[PDB]
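Report on one structure; see the data block that follows.
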Amino acid sequence: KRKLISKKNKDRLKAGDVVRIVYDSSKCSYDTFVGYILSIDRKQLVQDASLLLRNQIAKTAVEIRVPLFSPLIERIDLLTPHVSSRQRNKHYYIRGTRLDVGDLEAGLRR
Amino acid sequence: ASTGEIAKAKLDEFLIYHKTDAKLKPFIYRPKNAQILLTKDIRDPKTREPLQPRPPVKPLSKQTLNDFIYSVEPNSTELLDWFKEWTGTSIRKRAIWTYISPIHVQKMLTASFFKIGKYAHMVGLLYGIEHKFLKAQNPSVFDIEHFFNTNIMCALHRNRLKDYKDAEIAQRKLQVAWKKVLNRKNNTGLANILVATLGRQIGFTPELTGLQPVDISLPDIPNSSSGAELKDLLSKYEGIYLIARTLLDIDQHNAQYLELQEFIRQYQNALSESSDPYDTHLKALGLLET
Amino acid sequence: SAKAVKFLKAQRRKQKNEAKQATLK
RNA sequence: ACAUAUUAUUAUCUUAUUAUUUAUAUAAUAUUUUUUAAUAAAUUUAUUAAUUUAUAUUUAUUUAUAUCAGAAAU
RNA sequence: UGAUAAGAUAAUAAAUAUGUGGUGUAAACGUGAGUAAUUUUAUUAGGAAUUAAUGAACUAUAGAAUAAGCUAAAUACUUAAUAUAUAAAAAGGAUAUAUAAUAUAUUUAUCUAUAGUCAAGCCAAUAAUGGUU
RNA sequence: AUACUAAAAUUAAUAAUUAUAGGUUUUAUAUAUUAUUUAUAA
RNA sequence: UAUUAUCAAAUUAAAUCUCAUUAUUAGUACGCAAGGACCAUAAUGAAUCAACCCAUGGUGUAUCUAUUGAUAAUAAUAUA
Ligand SMILES: [Mg+2]
Ligand SMILES: [Mg+2]
Ligand SMILES: [Mg+2]
Ligand SMILES: [Mg+2]
Ligand SMILES: [Mg+2]
Ligand SMILES: [Mg+2]
Ligand SMILES: [Mg+2]
Ligand SMILES: [Mg+2]
Ligand SMILES: [Mg+2]
Ligand SMILES: [Mg+2]
Ligand SMILES: [Mg+2]
Ligand SMILES: [Mg+2]
Ligand SMILES: [Mg+2]
Ligand SMILES: [Mg+2]
Ligand SMILES: [Mg+2]
Ligand SMILES: [Mg+2]
Ligand SMILES: [Mg+2]
């Protein structure tokens with residue numbers, strides 16, 4: 001996971017990537033979450049970093065913040081990489097515009 | 001991880017590659033398409049799980065088969081059923097049927113006859129697959145020198161160390177062997193000596209049709225002392241050496257023949273590094289049967 | 001957008017024809 | 001005084017689907033083909049990566065236009 | 001038939017419509033929600049834009065049944081050669097003649113051309129309830 | 001620590017040991033481009 | 001109860017003191033039935049209080065980026 005967000009890694013997670021969070025089944029009864037990375041939040045402590053993701057399920061918009069080093073998630077998979085249209089580290093401004101995420105699971109399954 | 005095991009893995013991956021769907025091969029074996037495979041997420045046979053990535057696949061070398069054949073265990077489906085599973089493929093696919101070469105028949109025969117001990121299974125398998133090969137447009141594999149001559153080698157091996165006196169059955173078996181042969185290339189190796197030996201052993205008079213009286217002129221092995229060249233030169237003539245060894249061991253009329261023994265001596269000169277495979281197989285068969 | 005554009009064009013043609021009729025009369 | 005419904009309209013909001021548009025691709029598969037590292041036997045041309053290369057391709061669409069439905073309004 | 005209990009070939013008699021594939025639900029049955037006629041119905045010894053390469057599926061004649069692939073295999077799907085100037089198409093299933101896979105007949109299937117038949121698209125004229133509060 | 005006070009840390013430069021503030025250097029954070037981009041070596 | 005550095009007792013001045021629901025006991029005791037407990041425990045909360053900033057939210061005239069208009073400056077060549 002450190003290499004996943006390592007600033008020294010060209011192929012790191014950036015705002016705009018759509019990712020899937022997979023939870024460990026033995027430790028919790030959660031379901032995988034597909035979300036659009038609004039922000040990668042890194043702090044002084046490496047273990048205490050988080051992902052802010054967004055997804056418009058049907059017509060209800062949810063955003064989820066996950067601790068990237070919580071032992072309840074095994075891995076996070078990149079479903080589709082970001083595009084160069086957006087021009088910031090944190091894409092908060094997409095909320096409510098034509099840049100907004102939409103139904104990611106439906107789009108992927110299309 | 002034995003050499004036979006790694007060869008089995010290689011040929012298994014080869015046959016899996018050829019048996020997988022054509023439209024799917026680009027998304028199973030082309031690393032450039034890994035992300036596309038991840039996105040489109042195909043299911044496995046009977047929808048077991050998503051398709052797994054695999055590396056590219058290159059042609060398969062010939063030695064991978066005979067290597068395991070010689071380095072087989074006393075009994076296992078891994079080699080017992082390999083021929084059946086390999087031939088249980090559509091004649092349409094070309095690689096699976098063109099990989100088999102005429103020089104592999106006498107390779108498979110030895111392991112079943114000596115180490116595995118279930119030679120009846122292989123002899124049984126070599127019946128319904130003849131016409132399948134004919135459709136697969138590769139009929140040259142069952143030739144004379146590597147298939148007919150080796151068949152009579154195995155037949156005489158059966159008759160020796162065991163009790164055999166059925167002249168009528170011997171005649172019928174010779175005739176059906178001639179039937180099974182479907183590629184007429186008569187070379188240095190001559191089966192006239194063998195058929196005469198079986199005839200005098202079992203009381204039956206040699207009878208065949210279309211056979212040629214080609215004199216035995218096995219290429220003499222030189223006095224080379226090289227490495228890879230030496231071992232390859234020995235490898236390309238291993239079989240006829242075994243033919244000559246069986247002839248010397250059994251045929252007492254072999255005195256008039258001189259090419260066989262001189263070729264044997266030259267091959268042994270080339271083989272000074274190891275022992276004689278003919279008596280090696282004799283020992284293996286004796287200890288496994290007793 | 002385009003609907004407003006074509007609607008304005010239609011009214012423009014309407015009023016131009018009306019002006020032509022009035023001038024002729 | 002005023003209240004609640006139903007229907008219909010557009011110079012008006014979002015809008016699933018498809019249809020026409022434009023538009024760049026290790027292109028996604030190939031074809032195609034500079035081709036190039038090899039394969040591999042008893043001494044081979046797909047088979048990957050890539051490298052064609054305009055052919056189709058696709059989904060991004062790059063930009064627009066129509067459209068189920070539901071918002072306000074008259 | 002492997003000199004041993006292995007896997008096949010060929011025949012007689014059977015099994016499978018939970019595997020691929022073909023045909024049949026553009027009909028018939030029911031109903032009247034819509035619909036007042038710029039897009040519906042009825043009627044003309046009506047018209048042309050002098051109407052698809054239209055056969056949909058049976059008749060009457062002629063002809064044709066081929067190569068690659070993909071599927072486990074095909075009468076499944078794809079790309080390719082002619083055949084009334086067009087880039088214009090297909091299919092095999094059951095005897096007897098032939099081995100120490102085809103050539104011919106009978107059977108039903110497949111494809112194309114020209115007519116028939118049943119059938120199709122679009123027009124004209126006249127008519128089709130009430131309200132001008 | 002705090003209105004001024006008061007409280008607390010350090011005032012090392014050594015025949016033996018201490019980092020208070022700034023500056024400096026590293027490792028991170030933020031910002032938003034980024035292999036094409038890095039300086040490199042070879 | 002006569003120094004200094006440090007650790008500190010008894011005291012004194014205050015603060016605090018809580019209250020619901022649910023569950024078990026137990027549908028038991030009590031009741032023709034309807035209804036239905038005291039005695040106890042546990043859990044979740046309320047209300048008040050105290051502290052903290054690892055995380056989340058706000059700020060953040062530290063900082064970085066984009067942008068509208070006007071003006072001025074340094075560096076390059078060019079000319080004098
Ligand atoms: Mg079926
Ligand atoms: Mg109907
Ligand atoms: Mg009716
Ligand atoms: Mg045909
Ligand atoms: Mg067909
Ligand atoms: Mg000093
Ligand atoms: Mg300090
Ligand atoms: Mg300092
Ligand atoms: Mg120091
Ligand atoms: Mg004290
Ligand atoms: Mg008290
Ligand atoms: Mg108390
Ligand atoms: Mg209080
Ligand atoms: Mg904080
Ligand atoms: Mg902090
Ligand atoms: Mg925060
Ligand atoms: Mg903060």
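Every chain in the structure tokens has a letter given in the order shown (A, B, ...), and although residue numbers restart at 1 in each chain, ligands are simply numbered from 1 in the order shown.
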* To do: Could you find all residues in region 67-142 of chain B that DSSP calls alpha helix (DSSP H) from the backbone, and write them as a ChimeraX atom specification?
  => /B:67-70,77-80,82-87,95-99,105-111,119-125,129-135
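Around ligand 16, using only C-alpha atoms (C1' of nucleotides) and all ligand atoms and a cut-off of 12 Å, the residues in contact are residues 39, 40, 41, 42, 43, 49, 50, 51, 52 and 65 of chain A; 53, 55, 56, 57, 58 and 59 of chain G.
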Would you put the residues from that selection into a file with N, CA, C and O atoms (P, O5', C5', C4', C3', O3' and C1' of nucleotides), as a PDB file, in the first residue's frame?
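Done, and the output landed in selection-v9.pdb:
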ATOM      1  N   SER A  39      -9.915  12.356  -3.212  1.00  0.00           N
ATOM      2  CA  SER A  39      -8.686  12.850  -2.603  1.00  0.00           C
ATOM      3  C   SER A  39      -7.878  11.708  -2.010  1.00  0.00           C
ATOM      4  O   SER A  39      -8.439  10.751  -1.472  1.00  0.00           O
ATOM      5  N   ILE A  40      -6.559  11.830  -2.115  1.00  0.00           N
ATOM      6  CA  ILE A  40      -5.614  11.016  -1.362  1.00  0.00           C
ATOM      7  C   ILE A  40      -5.095  11.900  -0.239  1.00  0.00           C
ATOM      8  O   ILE A  40      -4.391  12.882  -0.492  1.00  0.00           O
ATOM      9  N   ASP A  41      -5.431  11.569   1.002  1.00  0.00           N
ATOM     10  CA  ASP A  41      -5.038  12.364   2.157  1.00  0.00           C
ATOM     11  C   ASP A  41      -3.920  11.632   2.886  1.00  0.00           C
ATOM     12  O   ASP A  41      -4.156  10.592   3.508  1.00  0.00           O
ATOM     13  N   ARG A  42      -2.708  12.174   2.809  1.00  0.00           N
ATOM     14  CA  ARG A  42      -1.551  11.634   3.507  1.00  0.00           C
ATOM     15  C   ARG A  42      -1.189  12.551   4.664  1.00  0.00           C
ATOM     16  O   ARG A  42      -1.291  13.777   4.553  1.00  0.00           O
ATOM     17  N   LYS A  43      -0.772  11.953   5.772  1.00  0.00           N
ATOM     18  CA  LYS A  43      -0.457  12.669   6.997  1.00  0.00           C
ATOM     19  C   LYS A  43       0.985  12.388   7.404  1.00  0.00           C
ATOM     20  O   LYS A  43       1.708  11.643   6.741  1.00  0.00           O
ATOM     21  N   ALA A  49      -3.262   7.371   6.702  1.00  0.00           N
ATOM     22  CA  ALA A  49      -3.599   8.002   5.439  1.00  0.00           C
ATOM     23  C   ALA A  49      -4.925   7.430   4.976  1.00  0.00           C
ATOM     24  O   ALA A  49      -5.312   6.326   5.363  1.00  0.00           O
ATOM     25  N   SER A  50      -5.630   8.185   4.142  1.00  0.00           N
ATOM     26  CA  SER A  50      -7.000   7.835   3.807  1.00  0.00           C
ATOM     27  C   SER A  50      -7.307   8.174   2.358  1.00  0.00           C
ATOM     28  O   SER A  50      -6.646   9.002   1.724  1.00  0.00           O
ATOM     29  N   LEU A  51      -8.332   7.501   1.845  1.00  0.00           N
ATOM     30  CA  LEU A  51      -8.888   7.778   0.529  1.00  0.00           C
ATOM     31  C   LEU A  51     -10.294   8.327   0.693  1.00  0.00           C
ATOM     32  O   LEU A  51     -11.101   7.752   1.429  1.00  0.00           O
ATOM     33  N   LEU A  52     -10.581   9.433   0.009  1.00  0.00           N
ATOM     34  CA  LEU A  52     -11.933   9.959  -0.115  1.00  0.00           C
ATOM     35  C   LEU A  52     -12.450   9.650  -1.510  1.00  0.00           C
ATOM     36  O   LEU A  52     -11.919  10.171  -2.503  1.00  0.00           O
ATOM     37  N   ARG A  65     -14.909   7.783   3.144  1.00  0.00           N
ATOM     38  CA  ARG A  65     -13.506   7.928   3.503  1.00  0.00           C
ATOM     39  C   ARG A  65     -13.031   6.668   4.207  1.00  0.00           C
ATOM     40  O   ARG A  65     -13.620   6.252   5.209  1.00  0.00           O
TER      41      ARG A  65
ATOM     42  P     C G  53      -3.080  17.893  22.537  1.00  0.00           P
ATOM     43  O5'   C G  53      -3.807  17.396  21.216  1.00  0.00           O
ATOM     44  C5'   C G  53      -3.454  16.152  20.630  1.00  0.00           C
ATOM     45  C4'   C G  53      -4.147  15.937  19.311  1.00  0.00           C
ATOM     46  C3'   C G  53      -3.710  16.886  18.197  1.00  0.00           C
ATOM     47  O3'   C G  53      -3.624  16.176  16.968  1.00  0.00           O
ATOM     48  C1'   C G  53      -6.043  17.029  18.493  1.00  0.00           C
ATOM     49  P     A G  55      -3.471  13.677  12.412  1.00  0.00           P
ATOM     50  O5'   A G  55      -4.867  12.997  12.073  1.00  0.00           O
ATOM     51  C5'   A G  55      -4.901  11.801  11.317  1.00  0.00           C
ATOM     52  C4'   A G  55      -6.252  11.132  11.346  1.00  0.00           C
ATOM     53  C3'   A G  55      -7.418  11.956  10.845  1.00  0.00           C
ATOM     54  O3'   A G  55      -7.500  11.990   9.435  1.00  0.00           O
ATOM     55  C1'   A G  55      -8.018  10.901  12.861  1.00  0.00           C
ATOM     56  P     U G  56      -7.835  13.366   8.691  1.00  0.00           P
ATOM     57  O5'   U G  56      -9.394  13.546   8.917  1.00  0.00           O
ATOM     58  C5'   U G  56     -10.310  12.550   8.496  1.00  0.00           C
ATOM     59  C4'   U G  56     -11.718  12.913   8.879  1.00  0.00           C
ATOM     60  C3'   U G  56     -12.132  14.339   8.571  1.00  0.00           C
ATOM     61  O3'   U G  56     -12.526  14.512   7.225  1.00  0.00           O
ATOM     62  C1'   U G  56     -12.742  13.809  10.784  1.00  0.00           C
ATOM     63  P     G G  57     -12.441  15.957   6.543  1.00  0.00           P
ATOM     64  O5'   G G  57     -13.369  16.862   7.460  1.00  0.00           O
ATOM     65  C5'   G G  57     -14.766  16.932   7.240  1.00  0.00           C
ATOM     66  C4'   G G  57     -15.375  18.100   7.965  1.00  0.00           C
ATOM     67  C3'   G G  57     -14.689  19.434   7.759  1.00  0.00           C
ATOM     68  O3'   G G  57     -15.041  20.058   6.543  1.00  0.00           O
ATOM     69  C1'   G G  57     -15.121  19.123  10.051  1.00  0.00           C
ATOM     70  P     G G  58     -14.129  21.241   5.984  1.00  0.00           P
ATOM     71  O5'   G G  58     -14.245  22.360   7.105  1.00  0.00           O
ATOM     72  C5'   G G  58     -15.408  23.161   7.210  1.00  0.00           C
ATOM     73  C4'   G G  58     -15.213  24.288   8.187  1.00  0.00           C
ATOM     74  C3'   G G  58     -14.073  25.243   7.882  1.00  0.00           C
ATOM     75  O3'   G G  58     -14.431  26.228   6.930  1.00  0.00           O
ATOM     76  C1'   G G  58     -14.009  24.626  10.163  1.00  0.00           C
ATOM     77  P     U G  59     -13.351  26.779   5.885  1.00  0.00           P
ATOM     78  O5'   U G  59     -12.385  27.678   6.769  1.00  0.00           O
ATOM     79  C5'   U G  59     -12.855  28.855   7.405  1.00  0.00           C
ATOM     80  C4'   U G  59     -11.917  29.287   8.500  1.00  0.00           C
ATOM     81  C3'   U G  59     -10.537  29.724   8.048  1.00  0.00           C
ATOM     82  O3'   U G  59     -10.513  31.088   7.676  1.00  0.00           O
ATOM     83  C1'   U G  59     -10.363  28.224   9.884  1.00  0.00           C
TER      84        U G  59
END
Kindly provide, as a tab-separated table (two decimals) with N, CA, C and O atoms, in the first residue's frame, the residues of chain A having any atom no farther than 12 Å from an atom of chain D, counting only C-alpha atoms (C1' of nucleotides).
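Written output follows (part16.tsv):
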chain	number	residue	atom	x	y	z
A	58	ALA	N	-27.54	5.00	-8.18
A	58	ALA	CA	-28.85	5.38	-8.70
A	58	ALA	C	-28.96	6.90	-8.77
A	58	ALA	O	-28.37	7.52	-9.66
A	59	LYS	N	-29.70	7.51	-7.85
A	59	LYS	CA	-29.75	8.97	-7.76
A	59	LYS	C	-29.54	9.44	-6.33
A	59	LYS	O	-30.05	10.48	-5.93
A	80	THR	N	-10.39	1.90	-13.59
A	80	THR	CA	-10.05	2.70	-14.75
A	80	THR	C	-9.18	3.87	-14.31
A	80	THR	O	-9.46	4.48	-13.27
A	81	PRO	N	-8.13	4.20	-15.06
A	81	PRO	CA	-7.25	5.29	-14.66
A	81	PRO	C	-7.87	6.65	-14.94
A	81	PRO	O	-8.86	6.78	-15.67
A	82	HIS	N	-7.27	7.67	-14.35
A	82	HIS	CA	-7.77	9.03	-14.48
A	82	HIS	C	-7.49	9.58	-15.87
A	82	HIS	O	-6.61	9.10	-16.60
A	83	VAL	N	-8.25	10.60	-16.24
A	83	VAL	CA	-8.03	11.34	-17.47
A	83	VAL	C	-7.36	12.66	-17.13
A	83	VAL	O	-7.37	13.12	-15.98
A	85	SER	N	-8.23	15.60	-18.13
A	85	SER	CA	-9.12	16.76	-18.18
A	85	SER	C	-9.07	17.55	-16.87
A	85	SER	O	-8.99	18.78	-16.89
A	96	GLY	N	-21.72	18.04	-8.35
A	96	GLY	CA	-22.88	18.73	-8.88
A	96	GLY	C	-22.73	19.26	-10.29
A	96	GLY	O	-23.68	19.86	-10.81
A	97	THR	N	-21.59	19.05	-10.93
A	97	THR	CA	-21.34	19.54	-12.27
A	97	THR	C	-21.51	18.40	-13.28
A	97	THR	O	-21.90	17.29	-12.93
A	98	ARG	N	-21.23	18.69	-14.55
A	98	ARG	CA	-21.16	17.63	-15.55
A	98	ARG	C	-19.88	16.82	-15.45
A	98	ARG	O	-19.73	15.84	-16.19
A	103	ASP	N	-23.07	6.88	-11.98
A	103	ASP	CA	-23.22	5.50	-11.51
A	103	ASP	C	-22.06	4.68	-12.05
A	103	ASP	O	-22.09	4.15	-13.17
A	106	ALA	N	-22.77	0.81	-12.76
A	106	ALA	CA	-23.55	0.65	-13.98
A	106	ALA	C	-22.71	0.95	-15.21
A	106	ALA	O	-22.80	0.24	-16.22
A	107	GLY	N	-21.90	2.01	-15.16
A	107	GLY	CA	-21.05	2.32	-16.29
A	107	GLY	C	-20.07	1.19	-16.59
A	107	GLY	O	-19.90	0.79	-17.74
A	108	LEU	N	-19.43	0.66	-15.55
A	108	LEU	CA	-18.49	-0.43	-15.74
A	108	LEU	C	-19.18	-1.66	-16.32
A	108	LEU	O	-18.66	-2.31	-17.23
A	110	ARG	N	-21.91	-1.81	-18.05
A	110	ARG	CA	-22.40	-1.57	-19.40
A	110	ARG	C	-21.68	-2.45	-20.42
A	110	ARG	O	-20.45	-2.50	-20.45
Please build the interface table for chain G against region 19-30 of chain F with a cut-off of 12 Å, listing for each qualifying residue the nearest atom pair and the distance in Å to one decimal; count only C-alpha atoms (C1' of nucleotides), order rows by chain and increasing number, and write it as CSV.
residue,atom,partner,partner_atom,distance
G:62,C1',F:30,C1',10.5
G:63,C1',F:30,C1',7.8
G:64,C1',F:30,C1',8.0
G:65,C1',F:30,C1',11.9
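Atom pair CA of residue 122 (chain B) / CA of residue 135 (chain B) has a distance of 20.6 Å (rounded to one decimal).
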* Please provide the set of residues having any atom within 12 Å of residue 44 (chain B), restricted to only C-alpha atoms (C1' of nucleotides), with same-chain residues fewer than 6 positions apart removed, written as number ranges by chain. => B: 20-21, 24, 28, 50-53
Output file for the residues above (N, CA and C atoms, as a PDB file, in the first residue's frame):
ATOM      1  N   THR B  20      -7.406 -23.429 -25.865  1.00  0.00           N
ATOM      2  CA  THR B  20      -8.174 -22.246 -25.504  1.00  0.00           C
ATOM      3  C   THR B  20      -8.725 -21.553 -26.749  1.00  0.00           C
ATOM      4  N   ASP B  21      -9.801 -20.795 -26.545  1.00  0.00           N
ATOM      5  CA  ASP B  21     -10.524 -20.187 -27.654  1.00  0.00           C
ATOM      6  C   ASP B  21      -9.660 -19.169 -28.388  1.00  0.00           C
ATOM      7  N   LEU B  24     -10.190 -15.629 -27.456  1.00  0.00           N
ATOM      8  CA  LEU B  24      -9.766 -15.361 -26.090  1.00  0.00           C
ATOM      9  C   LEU B  24      -8.252 -15.341 -25.933  1.00  0.00           C
ATOM     10  N   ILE B  28      -5.583 -13.749 -22.878  1.00  0.00           N
ATOM     11  CA  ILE B  28      -5.041 -14.672 -21.887  1.00  0.00           C
ATOM     12  C   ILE B  28      -3.520 -14.698 -21.981  1.00  0.00           C
ATOM     13  N   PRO B  50     -12.780 -15.453 -12.614  1.00  0.00           N
ATOM     14  CA  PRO B  50     -12.300 -14.647 -13.742  1.00  0.00           C
ATOM     15  C   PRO B  50     -11.081 -15.270 -14.407  1.00  0.00           C
ATOM     16  N   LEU B  51     -10.945 -15.011 -15.706  1.00  0.00           N
ATOM     17  CA  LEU B  51      -9.808 -15.527 -16.456  1.00  0.00           C
ATOM     18  C   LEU B  51      -8.499 -15.062 -15.834  1.00  0.00           C
ATOM     19  N   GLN B  52      -7.528 -15.970 -15.785  1.00  0.00           N
ATOM     20  CA  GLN B  52      -6.227 -15.664 -15.202  1.00  0.00           C
ATOM     21  C   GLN B  52      -5.238 -15.249 -16.292  1.00  0.00           C
ATOM     22  N   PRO B  53      -4.417 -14.223 -16.063  1.00  0.00           N
ATOM     23  CA  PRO B  53      -3.391 -13.876 -17.053  1.00  0.00           C
ATOM     24  C   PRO B  53      -2.347 -14.971 -17.181  1.00  0.00           C
TER      25      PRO B  53
END
* To do: Extract, using only C-alpha atoms (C1' of nucleotides), all DNA, RNA and protein residues at most 12 Å from region 4-18 of chain D, discarding same-chain residues fewer than 5 positions from it, and format them as number ranges by chain.
  => A: 58-59, 96-98, 103, 106; C: 1-11; D: 66-74
* Compile the contact shell of residue 63 (chain D) as a ChimeraX atom specification: residues with an atom at most 10 Å away, counting only C-alpha atoms (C1' of nucleotides), same-chain residues fewer than 4 positions apart removed. => /D:21-23
* Identify which of the residues E:67, E:6, E:62, E:98 lies closest to chain B, counting only C-alpha atoms (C1' of nucleotides) when measuring atom-to-atom distances. => E:6
* **Within 12 Å of ligand 2 (only C-alpha atoms (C1' of nucleotides) and all ligand atoms), residues as a PyMOL selection string** => chain E and resi 25-30
* To do: Find the residue from F:15, F:42, F:1, F:32 that sits nearest to chain A; use only C-alpha atoms (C1' of nucleotides) when measuring.
  => F:32
* Collect all residues with atoms no farther than 10 Å from ligand 10, counting only C-alpha atoms (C1' of nucleotides) and all ligand atoms, and output them as JSON, numbers by chain. => {"G": [7, 8, 9]}
* Excluding same-chain residues fewer than 3 positions from residue 159 (chain B), what lies within 12 Å of it counting only C-alpha atoms (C1' of nucleotides), as a ChimeraX atom specification? -> /B:152-156,162-167,170,194,197-202,250 /E:3
* **DSSP strand (DSSP E or B) residues within region 24-77 of chain A, listed as a ChimeraX atom specification** => /A:33-41,50-57,60-67,73-77
Please write the residues from the selection above to a file, keeping N, CA, C and O atoms, as a short mmCIF file (atom, residue, chain, number, x, y, z; two decimals), in the first residue's frame.
data_model
loop_
_atom_site.label_atom_id
_atom_site.label_comp_id
_atom_site.auth_asym_id
_atom_site.auth_seq_id
_atom_site.Cartn_x
_atom_site.Cartn_y
_atom_site.Cartn_z
N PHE A 33 -16.61 -1.78 -2.43
CA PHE A 33 -17.10 -0.44 -2.72
C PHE A 33 -16.36 0.13 -3.93
O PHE A 33 -15.13 0.23 -3.91
N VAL A 34 -17.11 0.51 -4.96
CA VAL A 34 -16.55 1.14 -6.15
C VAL A 34 -16.73 2.64 -6.02
O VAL A 34 -17.85 3.12 -5.83
N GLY A 35 -15.63 3.38 -6.12
CA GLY A 35 -15.69 4.81 -5.88
C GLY A 35 -14.66 5.58 -6.66
O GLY A 35 -13.61 5.06 -7.05
N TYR A 36 -14.96 6.86 -6.87
CA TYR A 36 -14.12 7.78 -7.61
C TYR A 36 -13.26 8.55 -6.62
O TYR A 36 -13.79 9.26 -5.76
N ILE A 37 -11.94 8.44 -6.75
CA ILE A 37 -11.04 9.04 -5.78
C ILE A 37 -11.17 10.55 -5.87
O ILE A 37 -10.69 11.18 -6.82
N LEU A 38 -11.81 11.15 -4.87
CA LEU A 38 -11.79 12.60 -4.76
C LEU A 38 -10.48 13.09 -4.17
O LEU A 38 -9.98 14.14 -4.57
N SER A 39 -9.92 12.36 -3.21
CA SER A 39 -8.69 12.85 -2.60
C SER A 39 -7.88 11.71 -2.01
O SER A 39 -8.44 10.75 -1.47
N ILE A 40 -6.56 11.83 -2.11
CA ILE A 40 -5.61 11.02 -1.36
C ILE A 40 -5.09 11.90 -0.24
O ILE A 40 -4.39 12.88 -0.49
N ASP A 41 -5.43 11.57 1.00
CA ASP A 41 -5.04 12.36 2.16
C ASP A 41 -3.92 11.63 2.89
O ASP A 41 -4.16 10.59 3.51
N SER A 50 -5.63 8.19 4.14
CA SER A 50 -7.00 7.83 3.81
C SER A 50 -7.31 8.17 2.36
O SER A 50 -6.65 9.00 1.72
N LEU A 51 -8.33 7.50 1.85
CA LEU A 51 -8.89 7.78 0.53
C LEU A 51 -10.29 8.33 0.69
O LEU A 51 -11.10 7.75 1.43
N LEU A 52 -10.58 9.43 0.01
CA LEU A 52 -11.93 9.96 -0.12
C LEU A 52 -12.45 9.65 -1.51
O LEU A 52 -11.92 10.17 -2.50
N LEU A 53 -13.52 8.84 -1.57
CA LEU A 53 -14.09 8.33 -2.79
C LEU A 53 -15.54 8.79 -2.89
O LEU A 53 -16.20 9.00 -1.88
N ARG A 54 -16.03 8.91 -4.12
CA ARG A 54 -17.41 9.32 -4.37
C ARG A 54 -18.05 8.37 -5.37
O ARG A 54 -17.38 7.81 -6.24
N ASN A 55 -19.36 8.19 -5.23
CA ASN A 55 -20.13 7.37 -6.15
C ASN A 55 -21.59 7.78 -6.08
O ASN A 55 -22.14 7.94 -4.98
N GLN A 56 -22.22 7.95 -7.24
CA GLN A 56 -23.65 8.25 -7.32
C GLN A 56 -24.39 6.95 -7.59
O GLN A 56 -24.52 6.52 -8.73
N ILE A 57 -24.88 6.33 -6.52
CA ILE A 57 -25.67 5.11 -6.64
C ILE A 57 -27.08 5.52 -7.05
O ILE A 57 -27.74 6.28 -6.34
N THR A 60 -28.76 8.68 -5.56
CA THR A 60 -28.27 9.11 -4.26
C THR A 60 -26.75 9.11 -4.29
O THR A 60 -26.14 8.10 -4.65
N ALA A 61 -26.15 10.24 -3.93
CA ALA A 61 -24.71 10.42 -3.98
C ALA A 61 -24.11 10.13 -2.61
O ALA A 61 -24.51 10.74 -1.62
N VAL A 62 -23.16 9.21 -2.57
CA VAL A 62 -22.46 8.85 -1.35
C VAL A 62 -20.98 9.11 -1.56
O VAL A 62 -20.45 9.01 -2.67
N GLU A 63 -20.31 9.50 -0.48
CA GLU A 63 -18.86 9.59 -0.46
C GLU A 63 -18.35 8.92 0.80
O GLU A 63 -18.90 9.10 1.89
N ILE A 64 -17.29 8.14 0.64
CA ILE A 64 -16.76 7.25 1.67
C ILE A 64 -15.30 7.60 1.89
O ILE A 64 -14.54 7.71 0.92
N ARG A 65 -14.91 7.78 3.14
CA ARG A 65 -13.51 7.93 3.50
C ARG A 65 -13.03 6.67 4.21
O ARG A 65 -13.62 6.25 5.21
N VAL A 66 -11.96 6.08 3.69
CA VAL A 66 -11.45 4.82 4.22
C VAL A 66 -10.00 5.00 4.68
O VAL A 66 -9.21 5.63 3.96
N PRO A 67 -9.62 4.48 5.84
CA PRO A 67 -8.20 4.44 6.21
C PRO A 67 -7.48 3.39 5.38
O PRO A 67 -7.76 2.20 5.47
N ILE A 73 -9.33 -4.11 5.11
CA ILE A 73 -9.34 -4.13 3.65
C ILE A 73 -8.06 -4.80 3.17
O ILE A 73 -6.96 -4.41 3.56
N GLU A 74 -8.23 -5.81 2.31
CA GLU A 74 -7.09 -6.55 1.79
C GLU A 74 -6.36 -5.76 0.71
O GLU A 74 -5.16 -5.49 0.82
N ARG A 75 -7.10 -5.37 -0.33
CA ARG A 75 -6.48 -4.65 -1.43
C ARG A 75 -7.44 -3.69 -2.09
O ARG A 75 -8.65 -3.78 -1.89
N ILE A 76 -6.91 -2.77 -2.89
CA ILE A 76 -7.77 -1.87 -3.65
C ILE A 76 -7.39 -1.99 -5.11
O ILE A 76 -6.22 -1.87 -5.46
N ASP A 77 -8.37 -2.23 -5.98
CA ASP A 77 -8.08 -2.44 -7.39
C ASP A 77 -8.42 -1.24 -8.25
O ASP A 77 -9.51 -0.67 -8.13
#
* To do: Could you pull out the residues sitting within 12 Å of ligand 1, using only C-alpha atoms (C1' of nucleotides) and all ligand atoms, and write them as a PyMOL selection string?
  => chain E and resi 16-22
* To do: Throw together the list of residues within 10 Å of ligand 4, counting only C-alpha atoms (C1' of nucleotides) and all ligand atoms, and drop it here as number ranges by chain.
  => E: 65-67, 90-92, 110
